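no sequence on this one, just coordinates:
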Ligand code: CLA
Ligand code: CLA
Ligand code: CLA
Ligand SMILES: C=Cc1c(C)c2cc3nc(c4c5[nH]c(cc6nc(cc1[nH]2)C(C)=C6CC)c(C)c5C(=O)[C@@H]4C(=O)OC)[C@@H](CCC(=O)OC/C=C(\C)CCC[C@H](C)CCC[C@H](C)CCCC(C)C)[C@@H]3C
Ligand SMILES: CC(C)=CCC/C(C)=C/CC/C(C)=C/CC/C(C)=C/CC/C(C)=C/CC/C(C)=C/CC/C(C)=C/CC/C(C)=C/CC/C(C)=C/CC1=CC(=O)C(C)=C(C)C1=O
Ligand SMILES: CCCCCCCCCCCCCCCC(=O)OC[C@H](COP(=O)(O)OC[C@@H](O)CO)OC(=O)CCCCCCCCCCCCCCC
Ligand SMILES: CC1=C(/C=C/C(C)=C/C=C/C(C)=C/C=C/C=C(C)/C=C/C=C(C)/C=C/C2=C(C)CCCC2(C)C)C(C)(C)CCC1
Ligand SMILES: CC1=C(/C=C/C(C)=C/C=C/C(C)=C/C=C/C=C(C)/C=C/C=C(C)/C=C/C2=C(C)CCCC2(C)C)C(C)(C)CCC1
Ligand SMILES: CC1=C(/C=C/C(C)=C\C=C\C(C)=C\C=C\C=C(C)\C=C\C=C(C)\C=C\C2=C(C)CCCC2(C)C)C(C)(C)CCC1
Ligand SMILES: CC1=C(\C=C/C(C)=C/C=C/C(C)=C/C=C/C=C(C)/C=C/C=C(C)/C=C/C2=C(C)CCCC2(C)C)C(C)(C)CCC1
């Protein structure tokens, strides 16, 4: 029990955010018609 | 031109706990009426 | 049993939770 | 329609909340 | 005398006289608060002492008629008047006084003058706060009682058929109003009333805990057992240990306050929110928008004769209240219920 | 920095972002209007305009569009059931599309104004600081408002250039969009007089133009300027909140109590029409006139329009619904199909009996058959009680005049009891609670929902006014 | 039974996360974190 | 530092230029008070007419006004 | 003499004593 | 279905209470 | 309401594209 | 003039000893002479039920209530 040396922080720049949002929305657009059947 | 009026919002852990408790309690109270 | 009630409850549970988590993470990181 | 609508809503909301939380964590430290 | 150092006029002299410090602070808002509140109290007392309700409600409500403090009230006007303002010079009373008092106008007089007195009182709180140079949180707190009064005594009767269904200024009259809401509106089941009662009980709880915690964490600032005397109002040192109270309540309950400002603001905030939500609920009731029944359980009970819950028993009790009380509560309907149609437990 | 409830305070000290944010809100409002119009047009069923009107199907924005002239639709149907000769550009779909396009344009303007916040217009040349002359801004905006009010009153409502407003007969039978001639007399202040609207708008536009010119020319007094903090932007917020909640209270009152601006064809009948038996008295007057003229009961009762009988029904009362009984009026008690005709109850002796109508308060009311004098002659013995005045014991019979069941006479005690229970609610109608799977419990008309929402909003805005006025008056202590 | 096992494993995971600087994972010679992968493999294969 | 310059901004500059100027003394406060009193009287008249507490022969105060 | 304190005290007191006498008188009327 | 929703809401509220009691922000300089 | 959700998804994608074009972070 | 000085002065005592009992007897006479029943319209304990109605009154119309209340009261 002490400060763990393996300490790191995750980062995500704006370009990555846009890529992720676009991927999610495109996948939803592609699969919504199939899921609603 | 950069805006001089720049500020950042803060929300300590106590505020997060209060907000989560408030929304969950409201959902608990109103779920019976919403479902009817 | 109606879809409207369930979806309204789900949205009301999730959206404010996401907003509060956003603000808390912003505060903690700073 | 309840299954599909619920699945679509969750798939839209939860990953977007996760990505927004990560970005807001990143953007706090200039 | 102002920013540009200009002359003085009538307004300046009036302002200097009105704001002059004395035993009874008048202020600008005094011209509205004092006469309105005085006439509200006077009307209530002279109505509960001499005026009757025989012609408006068919009841005897006064000290002259033989009623005590608990069963005396200033009853609302008859349902025939609907939402008439009912001035003493109005078409209903035609300028007569004894007819006006006999006709129920005294209730409208008391209610209107009291509402304006409440407005004047909040204005006075604002004036005092400005004079002393303090944030006017007291007026923000007092906003909730005004909201409750407006919702119950003004908005609700306006939403209904007339002033007749407003509360009457009396103890037994208020109890009648409460039971009427229980029987007809199912007011206990409305979530807004639930939130209001939660707020009120939480405010009482906060008051009790704050008082006990402060009085049980004092610093030994003097000798003897009487701790009340060991306090100097001009001292600049805290009179109780915040750290000890925080530790005690964090180890007993799990969470404890650590900021005095936040604690006292929470004490301010709980009851105000509770009564504001109650006012919103009453506003909803004014339009018969009742959270009366649960459709699913009603359908299940109708379909299945063996299905009983406390909700259905409450529904039956409400039906009994309505049927057995509307015969004499609302004379203008001239309801004559045969004894064989009144709901009644068949077991006897 | 700032707590979660002050995040929008960063806009107080610069006008450009204020313009951008107000544009964003206006765009959101316009988008909501367009989307709601499209949704209601998608859901609306114009098949039956006499027994399934707009207020019966839970339409909210559709009556507001219909009130000002928009009646036709691109689908080939009018609001009166007639075919659309020429829908024109100004149709329901056209209005919705126009609102959406306006929302988009406002959003783009908001983005542009947010991007370019530093403008020389907002800087005073004397000191080079962002300052707004609030009295002159108020003068300009008041002049514009007065001009618009006068234009709307004189050219649209009057019908000189515009189509006009909706005008209907007192009983709401034949109402159409008609031009109104403004009434300058005392009757112009009658709320049920349509010409009062035009007269008010013309006079208020003239006075607003004059006041705008005055506030544009004359500068405020120093005592007034410092007393009301005319140099601060927050006092304008407090005064505006006061004005808007006053307006909301007035509008909610007019909607609840009925006026010429809320026709019953669009928002349904009111509570006090049922409380005072308005349509019942009109129907009785018509029946008595027909009988005095000389005709059989069936002929007299067959001349009553089904619309007038439909208005005389507890189901259409706005004060019979519930807070959480969501949905349209059709979803509770079904969809009206036809009129079953007036029901008359007579005992074995031939004495005429009437059912005591249900008051608005009572969720459940016992059924009582009483004679002309007022003495009760029969009643249903609760649920499982024994009675001396039961329906079968007295032998009550029901005859139907007019409607679908004209001429019939039932004597089965179960049938008589059922029809008495259905007639205590007013006129008897046929419903099909199968298409929408109706619950059977009453809902509330758009009148009640609008009144509830706007009274609640006004009540909350009262506290808003209190808080913002307190912040304005006590700015020095609040800031530091 | 599976639900109760899941809860117990959750508690054990929390404990093992909280306390990580165990002497068991330290090399006796160097004093640094190490794992003797062949021997752990032997033990786990024996159990399997 | 100077702000952005636009022809529309140049046209609209005089409207916002005269900022902070006041008229010395009490100005036209008495006229404002008179107008406020007149408006209060007018609002009372309207409220009483609508409330049926002030009956005028011309007005009917009912739905039958639509029958005129 | 006619200060605001005098006005308030007497305006609250005179009707109070008058009504107290009235109530005491009403205590004795037979029903 | 609705019973499951109520149970989930109550369990979530209890979990939030537990986290607030135990995983709280340590108070400094009371 | 399937057309409604399809349109909402398409409009969301278009909005993401617009925001990526016009609100990109500086280099 | 502190309240201690107000109480001490004998002028206040002598001027109040002639007025307080006057007000008390004024109220007692107001009740006893029956003027209260007349000015406020409160029915006397014998005129609650007149032979014309024998029941509680019920006002019907607001505009003509002026005559109706008096005809119901028997006046
Ligand atoms: C010129 C453009 C334009 C036009 C022709 C319309 C036309 C219409 N709109 Mg749209 N709308 C517009 C712009 C426009 N709108 C914009 C910019 C917005 C965003 C704010 C909206 C948001 C909007 C919504 C949200 C709704 C409409 C609705 C409507 C319809 C009913 C209008 C109505 O009843 O108003 C009545 C208007 C009032 C009662 C306003 C009263 C104003 C108060 C009294 C002024 C008081 C302050 C004043 C300045 C004091 C001084 C007075 C005097 C001294 C000068 C109608 C088809 C409704 C509908 O059914 O369509 C979907 C609806 O729900 N509109
Ligand atoms: C002044 C505002 C206003 C008014 C009067 C109306 C009135 C109406 N609307 Mg419209 N509507 C509005 C705003 C408004 N709407 C807005 C802003 C939206 C966008 C979200 C909609 C979207 C909308 C749809 C999609 C539909 C309606 C429908 C209706 C009708 C039925 C209303 C009903 O069921 O009540 C329901 C009333 C309540 C549920 C009461 C809620 C009040 C409390 C305070 C809510 C508190 C919730 C709280 C946060 C806790 C949440 C717990 C969680 C589990 C949910 C009625 C004509 C329906 C209809 O028949 O029209 C075709 C319909 O299908 N409206
Ligand atoms: C014309 C209307 C108007 C305007 C322009 C403002 C503007 C402002 N208010 Mg005021 N206020 C108003 C009405 C208004 N308010 C009303 C009606 C109330 C009573 C409820 C208040 C009560 C109030 C308080 C108590 C405080 C303010 C504060 C503020 C400032 C910051 C607000 C902020 O960042 O919130 C940001 C809000 C959020 C991030 C979350 C809000 C979420 C709620 C639940 C609304 C959810 C959206 C809602 C459902 C959309 C529908 C709205 C409805 C009207 C249709 C800003 C100057 C604050 C201030 O000045 O601090 C210095 C402050 O302390 N206001
Ligand atoms: C029944 C409960 C109740 C009562 C009796 C009450 C009474 C009072 N609270 C006051 C204050 C407050 N109350 C506050 C919060 C609250 N108050 C609450 C509940 C109450 N508050 C609640 C629940 C809250 C939580 C939000 C605050 C924050 C304040 C103050 O600042 C203020 C104070 O300083 O307290 C000392 C005083 C205002 C005096 C006044 O208006 O003078 C003027 C007199 C007027 C306007 C005449 C009243 C006219 C009334 C409306 C009609 C006539 C009523 C009859 C005369 C009596 C009827 C008798 C009944 C049996 C029906 C007064 C002592
Ligand atoms: C299976 C299961 C679980 C079944 C149970 C189902 C069931 C019935 C669930 C109940 C559902 C439920 C929760 C219903 C309630 C719903 C309801 C009415 C919600 C109200 C919602 C709401 C918005 C209300 C508005 C009013 C409002 C704001 C109320 C808040 C009330 C509130 C939290 C009050 C405070 C209570 C409280 C315990 C305070 C203690 C404070 C405290 C620790 C002080 C200690 C302390 C004191 C000092 O003096 C000092 C100095 C220090 C330092 C210090 O520390
Ligand atoms: C043996 C006892 C075992 C524990 C008993 C139960 C303890 C429960 C404690 C819950 C506290 C939750 C606080 C969260 C938010 C939180 O962390 O608060 C933290 C807060 C202290 O905040 P601070 O003073 O540190 O804030 C400093 C400021 O600068 C910022 O807030 O404590 C309070 O406000 C006291 C009020 C508690 C009020 C509790 C009400 C009861 C819970 C609600 C009802 C639950 C119903 C459940 C139905 C299923
Ligand atoms: C979507 C999807 C997916 C995924 C999925 C998943 C992954 C899921 C998961 C899920 C999960 C993962 C779930 C879980 C759950 C859990 C739970 C539910 C738990 C519970 C527990 C409990 C309840 C306990 C309790 C307790 C304890 C703690 C101990 C003691 C006792 C008691 C009882 C108290 C994929 C991609 C593949 C594809 C397909 C689809
Ligand atoms: C100032 C101001 C204001 C206001 C303004 C206004 C809006 C004004 C108006 C005003 C007005 C608008 C007024 C009016 C008035 C009217 C009147 C006053 C009338 C009268 C009438 C009469 C008197 C008549 C009589 C008679 C009859 C009834 C018939 C027969 C003959 C005889 C003669 C008998 C405000 C608050 C906003 C803000 C602040 C400033
Ligand atoms: C813009 C535009 C566009 C597009 C559009 C689209 C395609 C869509 C939209 C869509 C949408 C879709 C919109 C919407 C909006 C909405 C809103 C704006 C809403 C709001 C709501 C609210 C506000 C509510 C509230 C509440 C709740 C939550 C519940 C109940 C209660 C209360 C009321 C509180 C474009 C670019 C192409 C072109 C131009 C124009
Ligand atoms: C209305 C009016 C009028 C008249 C008159 C007046 C204003 C009066 C007032 C009056 C008053 C203002 C009165 C008062 C009274 C008071 C009293 C009467 C009190 C009593 C008390 C008592 C009796 C107590 C008791 C007790 C207690 C609580 C404590 C101890 C114990 C015992 C139990 C002893 C006129 C028409 C001209 C005008 C308008 C207004």
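Sure, I can see it. Numbers count the residues shown, from 1 in each chain, chains lettered A, B, ... in the order given. Ligands and ions are numbered 1, 2, ... in the order given.

hey, let's count contacts and neighbours off CA atoms from now on
Will do.

The helix ranked longest in chain E near ligand 4 anywhere?
Counting residues, the longest helix found in chain E (DSSP state H) is helix E:105-132. Yes: contact between helix E:105-132 and ligand 4 is present through E:111, E:114, E:115, E:117, E:118, E:121 (criterion: Cα under 6 Å from any ligand atom).

Between those residues, which sits nearest ligand 7?
Ligand 7 lies nearest to residue E:118 out of the residues of helix E:105-132 next to ligand 4, by Cα to the nearest ligand atom, at 53.8 Å.

In contact with that closest one, which residues?
Contacts of residue E:118 were listed using Cα atoms under 8 Å, 6 or more residues apart in numbering or on different chains, and they are E:33, E:37, E:146.

Which single residue of chain A approaches chain H most closely?
residue A:14 (29.3 Å; Cα to the nearest Cα).

What is the neighbour count of the residue of chain J found nearest ligand 7?
Nearest residue of chain J to ligand 7: residue J:11, at 9.2 Å (Cα to the nearest ligand atom). Residue J:11 has 12 neighbouring residues, counting by other Cα atoms under 10 Å in any protein chain shown.

any idea how far it is from chain H?
The gap separating residue J:11 from chain H is 54 Å, by Cα to the nearest Cα, to the nearest Å.

That residue in helix, strand or coil?
Secondary structure, DSSP: H, G, I helix; E, B strand; the rest coil: residue J:11 is helix.

Now for it: which residues touch it?
Counting by Cα under 8 Å, 6+ apart, residue J:11 has no contacts.

re earlier: mind listing what's buried in the longest helix of chain E?
E:105-130 (16 or more other Cα atoms under 10 Å in any protein chain shown).

what's residue H:15 in contact with, if anything?
F:136, F:137.

Next, it: phi, psi?
Phi and psi for residue H:15, reported as degrees, to the nearest 10, are phi -60, psi -40.

Now for residue E:135: which residues touch it?
With Cα under 8 Å, 6+ apart, residue E:135 has these contacts: E:129, F:474, F:477, F:478.

Looks like the last one contacts residue F:470 (just checking).
Read that as residue F:478. No: with contact defined as Cα atoms under 8 Å, residue F:478 does not reach residue F:470; the gap is 9.6 Å.

what about the closest residue to residue E:153 other than its chain neighbours, neighbour count?
Once flanking residues are discounted, residue E:153 sits nearest to residue E:166: 5.8 Å by Cα to Cα, 6 or more residues apart in numbering or on different chains. Here the count is done by other Cα under 10 Å, and residue E:166 has 21 residues near it.

So what does residue E:166 look like in phi/psi?
phi -70, psi 160.

residue contacts, it?
Contacts of residue E:166 by Cα under 8 Å, 6+ apart are E:76, E:152, E:153, E:154, E:156, E:157.

for residue F:68, same thing?
Contacts of residue F:68 (Cα under 8 Å, 6+ apart): F:163, F:164, F:165, F:166, F:177.

Farthest pair within those?
F:163 and F:166 (9.7 Å; Cα to Cα).

hey, where'd the helices end up in the chain?
If you meant another chain, say so; for now it's chain A. Using DSSP H, helices in chain A cover A:14-36.

Actually, chain J is the one I wanted.
Using DSSP H, helices in chain J cover J:2-22.
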